[PDB]
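Residue numbers (the authors' numbering), protein chains in the order written: chain j, 3 to 179, 181 to 270; chain m, 23 to 30, 40 to 108; chain k, 58 to 527; chain l, 144 to 149, 157 to 207, 209 to 249, 252 to 270.
C-beta atoms are modelled at their ideal positions from N, C-alpha and C, and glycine is treated no differently.
Comments concern the structure below.
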Amino acid sequence: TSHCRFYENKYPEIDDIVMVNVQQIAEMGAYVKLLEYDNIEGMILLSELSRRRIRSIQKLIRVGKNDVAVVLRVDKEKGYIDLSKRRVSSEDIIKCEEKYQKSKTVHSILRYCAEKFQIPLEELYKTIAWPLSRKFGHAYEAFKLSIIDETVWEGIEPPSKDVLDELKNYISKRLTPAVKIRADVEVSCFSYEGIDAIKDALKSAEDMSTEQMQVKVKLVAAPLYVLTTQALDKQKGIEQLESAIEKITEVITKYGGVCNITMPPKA
Amino acid sequence: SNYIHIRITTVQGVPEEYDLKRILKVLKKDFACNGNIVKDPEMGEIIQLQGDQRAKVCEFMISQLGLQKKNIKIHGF
Amino acid sequence: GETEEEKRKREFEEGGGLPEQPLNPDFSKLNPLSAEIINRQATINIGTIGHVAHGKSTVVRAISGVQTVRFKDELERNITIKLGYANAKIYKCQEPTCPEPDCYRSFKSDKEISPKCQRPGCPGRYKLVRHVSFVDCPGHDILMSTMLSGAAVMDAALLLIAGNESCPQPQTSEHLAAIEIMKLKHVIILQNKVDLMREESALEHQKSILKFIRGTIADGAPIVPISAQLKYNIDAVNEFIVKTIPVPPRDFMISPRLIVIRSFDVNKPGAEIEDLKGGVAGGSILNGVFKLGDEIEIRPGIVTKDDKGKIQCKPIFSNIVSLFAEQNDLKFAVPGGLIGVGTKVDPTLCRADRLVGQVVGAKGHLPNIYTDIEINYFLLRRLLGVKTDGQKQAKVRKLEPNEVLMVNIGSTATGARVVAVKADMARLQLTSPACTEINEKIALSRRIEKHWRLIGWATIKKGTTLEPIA
Amino acid sequence: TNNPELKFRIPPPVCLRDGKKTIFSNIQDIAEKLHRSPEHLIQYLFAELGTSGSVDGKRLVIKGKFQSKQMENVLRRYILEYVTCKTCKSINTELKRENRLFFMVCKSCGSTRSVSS
RNA sequence: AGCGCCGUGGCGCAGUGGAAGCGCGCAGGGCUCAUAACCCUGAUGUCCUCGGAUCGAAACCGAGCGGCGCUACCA
Ligand SMILES: Nc1nc2c(ncn2[C@@H]2O[C@H](COP(=O)(O)OP(=O)(O)CP(=O)(O)O)[C@@H](O)[C@H]2O)c(=O)[nH]1
Ligand SMILES: [Mg+2]
Ligand SMILES: [Zn+2]
């Protein structure tokens, strides 16, 4: 049962940035539903329609799809939103789309929860999305921190523990990330040994692999050895792979060989 | 490979031993036709030619740069 | 209802399999034709020479069945830089009834010590007369240094001539001259194309070839028609190899050495580095016996430049972990065979083209790296490898001081600067490290027509030593 | 002995034009007349046009307006590139897999090149 | 042999998460005296074969296929 706007109140705010889904255009413009705030219809007049001059109303609208938008006035007595699209900075259009994406992902998760439990989605949002969005600024960061930290649910009152379990499962399977950090070390050794040296550097670099974040350095070439890690927080890998570099340098500088670095640790 | 062809008009497939704007300057005069050097999102080279003159651009690369003259395919269209 | 693999396994076990080399056999009695040496290692190196766009790897593949790679995408089709290898076993029928020409049968490396004869009607088997190694050499006008190195490694020659093109092709003449330079006379001439030809065209081409080889060093060189595509008349080539080419004097008295022509790294990608292998230098042993677990140093080795422009040579000591020969890991090595020494030398030192023509000596010897060498040179009249369009094939001029000329000392490919010019002798200044052990056969090439072109032969007489930095 | 005639075992293609449906019931016969894998023949014949018909049995079915000379030219070019090795006059040569791609190999000699595009 | 990409509507490009995408083509119709230009409407798919979590997967994941591109023949 799809209801319950993402944000705090049913009434959208003034001058806010939104993402509008189009349904119907007769003569005055496009009075369309909203998928960032509540579904109260916002009306767009032809004057605020086109950045260019409107040439064919059929082409530029593309009914049934979302477009970036702004709201000028909100009728807070029964519901009449005045809305526009041309008066938006070109820099914030992508950010509006990102906010639409975040809301749509959160609502897909919570709609799955509601349709599985037959619980009104307003109940779920008032017990799940609103407290989390308050605690962490946004429900998306709340779910991401739920993935790493299970304490984000503490201080919150679920309607049922089954909701907690199924929601956590769907997050852990749908929001599962963790960016690969990859680098390439060159072996320039003209030296006496150098397979036992690489073996020893391999041992002292693979032992460093922690439980949550393992550094497995594969072989693709004799000189070019690859350094691949799954950076959960995207900041441990830089120092881990710097440690790998210092280890390989310490191994090489005493046995007789020489090595340099081709590709430094990059996300 | 190095497949060169003309599609109703445009020439797609162009080795770049000579400059493409120089290609426009050596096409536009003799052919007298409008030509647009458009960079599509990462296909081969695109050069326009208004009016169907496929044999004329055959004559052209014969004159300027054509050295194989066998993989150039005259499309039906 | 036996599977073909099962029948082959039965024939392999019936044929005695392949007995393993003794860990410590008596060497003062071992001969290159001994059973233990012959079963799992080649004793004679046979190289092939020919002109471009003719096919040498095809003939080697037809003779043996061991493929020659032809790698590097671009080189998969046109020309190869590194040499080609292939192991063939000479098997001769023990039965007198069958005709001599088809008695011999050349098999590939992992065949048993006695396979069954494929001729219909002979219940006899084959006996291993000799195991032969094949060193395919490039025959393009650009790649000569590798061909000269492999011909220095080479001990027996197979010249390939095709008929339908021009009778006096220059590339084969150049390769024959190079072979004549480095003390090698056992040359077998082979007709590449006979099928598409008429019965008199072949005779005319044969008359032309005989006319060609009358004043060169080789005189009694046999000529044999062969096919690379139809795969016929290979047993006759095997018989000619057995008859014409004996074993060059190679006993166990002379000191051990190694001449690496190819560098191979063993790093299988995708597998975790926990289980890896040492680096392999592909080298020929022409003098000495090498055993598992030996200490060895690459003599020219680490070439480095100091801040003052001086060239420092660091010999590359290393312990031999394995000596891969033919098909299986072996315990002892036989001189006169291309063997891969898999040592603990760092795999990046054997990556692409680092040990291409480098001398290596076992611990217990002191080779000499030289910076300035004294050379005795002898020239030829007409430059070989050029088709002059009807005017006097180019006459080689005398050398001039301070010219970078390619002086292929055996396998080492270096560009030396001439410091002194006289009637027979010359001082060569080497920017790249080169070493001398006893004599070393050397080829000389100049730059007259872009690419390198052979002029004559050379022998080191003296040199300025560089004392190793320990 | 082997070649009394001194290849030409390539039959004239037979395509049936039923007004709206073009049927080629000669694909398997040329498969046995060229020593090719019929799956690879069909995959190439799909990859050259904008069509992928139906396989039935030994025959390919497509539903449209097409000629018969086009696949004569297709067969002759395919023979020049795969069915006949450029190096030698032989048909029995075929496609094996020694890496991940298709490697072209011969049957008279055993030439090893990478012809799979 | 591995790693970085792809899986078309004739084609190029897209989001892949509630269910066929946009444009280039093609056909048909409108405009005009008429053409071009312009405007409207269509029909072209296992978005590569097989499974998983999931009320649901073209995608999220894989147990592999077919083709790409980097290493470089990877005894
Ligand atoms: N007709 C015919 N073709 C042959 C014969 N031998 C080889 N070929 C052709 O030569 C081709 C292989 O040539 P290849 O051996 O690579 O030439 P190459 O040895 O690299 C030339 P270079 O030694 O100068 O590098 C094959 O495709 C084959 O068709 C022959 O006896 N007859
Ligand atoms: Mg080769
Ligand atoms: Zn063939």
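Should residue i be counted as a contact of ligand 1 given a C-beta to heavy atom distance under 6 Å?
{"i": "k:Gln124", "result": "no"}
{"i": "k:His197", "result": "yes"}
{"i": "k:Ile136", "result": "yes"}
{"i": "l:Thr238", "result": "yes"}
{"i": "k:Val109", "result": "yes"}
{"i": "k:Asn290", "result": "no"}
Taking only heavy atoms of ligand 3 into account, decide whether any of them is closer than 6 Å to the Cβ of residue i.
{"i": "k:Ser114", "result": "no"}
{"i": "residue 151 of chain l", "result": "For residue 151 of chain l, no position is available: the coordinates of chain l end at 149 and pick up again at 157."}
{"i": "m:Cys89", "result": "no"}
{"i": "l:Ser241", "result": "yes"}
{"i": "l:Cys259", "result": "yes"}
Using a Cβ-Cβ cut-off of 6 Å (strictly less than) and excluding sequence neighbours within five positions of residue i, which residues of its own chain qualify?
{"i": "j:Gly259", "result": "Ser194 and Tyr195"}
{"i": "k:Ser202", "result": "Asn465 and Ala470"}
{"i": "l:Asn146", "result": "none"}
{"i": "j:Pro133", "result": "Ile158"}
{"i": "residue 31 of chain k", "result": "The shown model of chain k, from 58 to 527, leaves out residue 31 of chain k, and the question about it has no answer."}
{"i": "l:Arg266", "result": "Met257"}
{"i": "k:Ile298", "result": "none"}
{"i": "k:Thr115", "result": "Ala285"}
Nearest by alpha-carbon distance to residue i: which of the options is it?
{"i": "j:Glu125", "options": "j:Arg7, j:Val24 and j:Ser191", "result": "j:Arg7"}
{"i": "k:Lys334", "options": "k:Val402, k:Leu437, k:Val109 and k:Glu63", "result": "k:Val402"}
{"i": "j:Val154", "options": "j:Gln233, j:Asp94 and j:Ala144", "result": "j:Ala144"}
{"i": "k:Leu260", "options": "k:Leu241, k:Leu287, k:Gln226 and k:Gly220", "result": "k:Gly220"}
{"i": "m:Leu98", "options": "m:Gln84, m:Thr40, m:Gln43 and m:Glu48", "result": "m:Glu48"}
{"i": "j:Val223", "options": "j:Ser92, j:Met211 and j:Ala186", "result": "j:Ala186"}
{"i": "l:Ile213", "options": "l:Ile177, l:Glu245, l:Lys247 and l:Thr238", "result": "l:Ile177"}
{"i": "k:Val417", "options": "k:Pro424, k:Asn385 and k:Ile355", "result": "k:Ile355"}
{"i": "k:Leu437", "options": "k:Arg65, k:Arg271, k:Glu506 and k:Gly513", "result": "k:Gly513"}
{"i": "j:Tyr114", "options": "j:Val165, j:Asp84, j:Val229 and j:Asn23", "result": "j:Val165"}
{"i": "l:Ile230", "options": "l:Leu254, l:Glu249, l:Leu195 and l:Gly200", "result": "l:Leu195"}
{"i": "residue 180 of chain j", "options": "j:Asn41, j:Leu177, j:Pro160 and j:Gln120", "result": "The model of chain j omits the segment between 179 and 181, and residue 180 of chain j is among the residues lacking coordinates."}
{"i": "k:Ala491", "options": "k:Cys407, k:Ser166, k:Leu315 and k:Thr428", "result": "k:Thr428"}
{"i": "k:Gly336", "options": "k:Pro357, k:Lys371, k:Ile302 and k:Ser379", "result": "k:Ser379"}
{"i": "j:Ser191", "options": "j:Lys118, j:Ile19 and j:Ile255", "result": "j:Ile255"}
{"i": "l:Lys247", "options": "l:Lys260, l:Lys240 and l:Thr238", "result": "l:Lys260"}
{"i": "k:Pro424", "options": "k:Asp410, k:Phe435, k:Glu494 and k:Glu257", "result": "k:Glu494"}
What I want to know is whether the C-beta of residue i ends up closer than 6 Å to one or more non-hydrogen atoms of ligand 2.
{"i": "k:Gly350", "result": "no"}
{"i": "k:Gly141", "result": "yes"}
Going along the chain, which residues of its own chain have a beta-carbon closer than 7 Å to the beta-carbon of residue i, five neighbours each way excluded?
{"i": "l:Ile242", "result": "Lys157, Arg159, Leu184, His185, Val234 and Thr235"}
{"i": "j:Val70", "result": "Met21, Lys87, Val90, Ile95, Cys98 and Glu99"}
{"i": "j:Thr3", "result": "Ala116, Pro122 and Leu123"}
{"i": "j:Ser246", "result": "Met211"}
{"i": "j:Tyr9", "result": "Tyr39"}
Grab me the residues of residue i's own chain with a C-beta within less than 8 Å of its C-beta, minus the 5 sequence neighbours each way, in chain order.
{"i": "l:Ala181", "result": "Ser187, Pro188 and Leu191"}
{"i": "k:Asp351", "result": "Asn376, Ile377, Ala419 and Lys420"}
{"i": "k:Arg67", "result": "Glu59"}
### Task
Identify each residue in the stretch 365–385 of chain k for which the Cβ-Cβ distance to at least one residue of chain j is less than 8 Å, and report them in chain order.
So the close ones are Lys371, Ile373, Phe374 and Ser375.
### Task
Evaluate contact between the stretch 329–340 of chain k and the stretch 195–202 of chain k, counting only Cβ atoms and requiring at least three cross-stretch pairs below 8 Å.
Short answer: they don't touch.
### Query
Between the stretch 283–302 of chain k and chain l, which residues of the former have CB atoms less than 8 Å from a CB of the latter, in chain order?
Here the close residues are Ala285, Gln286, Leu287 and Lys288.
### Task
Flag this pair as touching only if the stretch 164–181 of chain k and the stretch 67–76 of chain k have three or more C-beta atom pairs under 8 Å; answer yes or no.
Between the stretch 164–181 of chain k and the stretch 67–76 of chain k, the count of Cβ pairs shorter than 8 Å is three or higher; the stretches touch.
### Query
Is it true that the stretch 245–255 of chain k meets the stretch 210–225 of chain k, where meeting means three or more beta-carbon pairs spaced less than 8 Å apart?
Verdict: yes, contact present.
### Query
If contact means a Cβ-Cβ distance below 9 Å, which residues of the stretch 456–480 of chain k contact chain j?
Residues: none.
### Query
Between the stretch 323–335 of chain k and chain j, which residues of the former have a C-beta closer than 8 Å to a C-beta of the latter?
From the stretch 323–335 of chain k, only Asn324, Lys325, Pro326, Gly327, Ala328, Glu329, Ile330, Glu331, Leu333, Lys334 and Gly335 have a Cβ closer than 8 Å to chain j.
### Query
Which residues, in order along the stretch 60–84 of chain k, keep a beta-carbon less than 8 Å from a beta-carbon of chain j?
Those would be none; no residue qualifies.
### Stretch pair the stretch 359–376 of chain k + the stretch 195–207 of chain j: three plus CB contacts closer than 8 Å
Touching, yes.
### Message
To be precise: take each residue of the stretch 215–235 of chain j, compare its Cβ to all Cβ atoms of chain k, and keep it if any distance is under 9 Å. Which residues remain?
### Response
The stretch 215–235 of chain j vs chain k, Cβ under 9 Å: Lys219, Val220, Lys221, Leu222, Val223, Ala224, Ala225, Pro226 and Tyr228.
### Query
Is it a yes or a no for the stretch 16–34 of chain j touching the stretch 60–69 of chain j, going by three-plus beta-carbon pairs under 8 Å?
Contact between the stretch 16–34 of chain j and the stretch 60–69 of chain j is present, because at least three Cβ pairs lie under 8 Å.
### Query
Do the stretch 69–82 of chain m and the stretch 88–96 of chain k make contact, defined as three or more Cβ pairs closer than 8 Å?
Result no; under three Cβ-Cβ pairs closer than 8 Å.
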